[PDB]
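Q: A structural model of the following input is requested.
(chains A and B, ligands or ions: 1)
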Amino acid sequence: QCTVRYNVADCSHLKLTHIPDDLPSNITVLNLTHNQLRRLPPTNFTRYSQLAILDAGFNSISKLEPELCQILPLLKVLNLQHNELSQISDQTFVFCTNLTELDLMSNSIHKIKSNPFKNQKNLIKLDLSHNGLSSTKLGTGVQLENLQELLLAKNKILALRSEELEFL
RNA sequence: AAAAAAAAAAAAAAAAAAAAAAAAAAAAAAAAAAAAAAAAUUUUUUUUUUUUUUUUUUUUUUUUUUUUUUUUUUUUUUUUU
Ligand SMILES: *[C@@H]1O[C@H](CO)[C@@H](O)[C@H](O)[C@H]1NC(C)=O
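A: Numbering: from 1, shown residues only, chains lettered A, B, ... in the order given. Shown next is the protein structure:
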């Protein structure tokens, strides 16, 4: 099964077909990376409500439900790199007010609309790379008060304009 | 028909590390070899120059014996004109 080993559920390559929810729920770090994940269940995380950070990356996940943000209010690191994520919106990030780290290395998010990060105030580093971005614009209002890293690499931005860079 | 994410295999090529070895070249250390130049203990041989002993040839010198001719100093008994 998973490693556990003092609150670091580093679940390595074990061909886990479904997301497990075992007895050791009193942990803070859980690693779903390198595990067969069809999608993240919005209701299966009730058992593990003490996950300070989670590592669910490289997995094949279609879309993210808003419930995941409210089932785990104490969420700091959201590493979701190398996923499908055909389309995303602000609704899935409504309850993620304590988010501080995000990783998205391959998601093919060509178009971004509205303000997906209106509720993210403590989000420090941003990793939006290799997602086929055509413009660097993220919104029209002023948001992301405390941002230190904005990674936009391997994308297809053609030019930079003052209108699309005024959101910070 | 096309494009991508977890999850398991296999094939060509390039650059690497470790281990078991095997050859070629180069360094010493030992056991020997063939020699052209070397030194040192013993017994012998040839040749040159010199020492000692013995036996003999030639020449020279001293002494003694004997023999033959000359200068001869004398004589006794006689002869002698
Ligand atoms: C949630 O748990 C149920 C019951 O164990 C299971 O049937 C379902 O597949 C799980 N879903 C996810 C997303 O883990």
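Q: Please count neighbours and contacts with C-alpha atoms only from this point.
A: Will do.
Q: so who does the residue lying closest to residue A:91 once chain neighbours are set aside touch?
A: Leaving out its chain neighbours, the residue that sits closest to residue A:91 by C-alpha to C-alpha, 6 or more residues apart in numbering is residue A:66, at 6.0 Å. Residue A:66 makes contact with A:42, A:91-95 under the criterion C-alpha atoms under 8 Å, 6 or more residues apart in numbering.
Q: Find the closest residue to RNA strand B in chain A.
A: Nearest to RNA strand B in chain A, going by C-alpha to the nearest atom of the strand, is residue A:34, at a distance of 3.2 Å.
Q: could you check whether stretch A:19-26 is close to RNA strand B?
A: No: contact of stretch A:19-26 with RNA strand B (C-alpha under 7 Å from any atom of the strand) is absent, the minimum separation being 10.9 Å.
Q: now residue A:46: how far from residue A:21?
A: 9 Å (C-alpha to C-alpha, to the nearest Å).
Q: returning to that earlier point: which one of the contacts of residue A:66 sits in the busiest neighbourhood?
A: residue A:93 (23 neighbours; other C-alpha atoms under 10 Å).
Q: where exactly do the helices run in chain A?
A: Applying DSSP state H to chain A gives helices spanning A:67-71.
Q: what residues does it put near RNA strand B?
A: So far as C-alpha under 7 Å from any atom of the strand goes, chain A lies against RNA strand B at A:12-15, A:33-37, A:58-60, A:82-84, A:106-108.
Q: and with 6 Å instead?
A: Within chain A, the positions adjacent to RNA strand B are A:13, A:15, A:34-37, A:58-60, A:82-84 by C-alpha under 6 Å from any atom of the strand.
Q: Could you tell me which of these count as buried?
A: Listed as buried from these are A:34-37, A:58-60, A:82-84; burial here means 16 or more other C-alpha atoms under 10 Å.
Q: I'd like to know which of those is nearest to the ligand.
A: residue A:37 (7.8 Å; C-alpha to the nearest ligand atom).
Q: give the contact list for that closest one.
A: Residue A:37 touches A:16-19, A:59-61, counting by C-alpha under 8 Å, 6+ apart.
Q: Only whichever of the residues you listed are buried, select them in ChimeraX.
A: A single ChimeraX command selects the buried members of those (16+ other C-alpha under 10 Å):
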select /A:16,19,59,60,61
